[PDB]
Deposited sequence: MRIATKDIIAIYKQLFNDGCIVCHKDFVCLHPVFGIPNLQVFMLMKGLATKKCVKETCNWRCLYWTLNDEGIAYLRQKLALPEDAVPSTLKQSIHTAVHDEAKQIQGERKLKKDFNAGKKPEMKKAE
């Protein structure tokens, strides 16, 4: 998903995100959609785990160290 690169590094430097796409995030202040597509697109690398509880998504850094350190 087209996420501005000045903010992509903000996520890459655990993370949670409300499933509600209407509203902005309270941490980075960027929309919830951009945070969703980045981590979901990264869980397919098996770098994290995508547990969801009460409409909130919890992502835990794991294999991920190889990708994140290189990035």
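Not built in the structure, per the record, are deposited positions 14-19, 69, 79-127.
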